[PDB]
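Worksheet: one structure, shown below.
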Amino acid sequence: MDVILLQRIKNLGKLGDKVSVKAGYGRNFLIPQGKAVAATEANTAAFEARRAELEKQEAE
RNA sequence: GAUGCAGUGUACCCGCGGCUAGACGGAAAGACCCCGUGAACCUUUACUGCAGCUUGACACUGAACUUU
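Using the numbering used here, you'd call the opening residue of the first sequence number 3 and step up by one each time.
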């Protein structure tokens, strides 16, 4: 899947970068636990337009 | 393989008790044998399928460190 990260991941990236992962990785680990969101156009717009400042605010 | 054909012999008409030599006696469209481009079930290194079992590829299926 194409996903947008919600946090730091060692080999993927961090804090809003769009990166393609294997479908099982996104479906079973990241998305259910909130570490990323599927990179739909609506999801990307909703993430970047508003919420991103607080997402950056949480350092740890 | 004749009561019924030919020739011939014998023989008045009709029961009853017995008998089983013949009526190729009765019974069952021969089961033995052969035939039909018939049937069924069984067998196998007959033919052709399938179930079952098994092999690999793709999908469900992800992450981080090493080696040739």
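Backbone N, C-alpha and C fix where the C-beta goes; we use that ideal spot for every residue, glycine too.
Subject >> Proximity of residue 19 and residue 8 at Cβ, strictly below 8 Å >> reply: no
Original post:
Given that a residue counts as buried once 16 or more other Cβ atoms are within 10 Å of its Cβ, and exposed if not, what is residue 47?
Top reply: exposed
Subject >> Nearest residue (CA-CA) to residue 24, options 5, 49, 59, 60 >> reply: 5
**OP:** Grab the span of the beta strand (DSSP E) containing residue 8 for me, first residue to last.
**Re:** Where residue 8 is concerned, there is no enclosing beta strand (DSSP E), given that its DSSP letter is neither H nor E.
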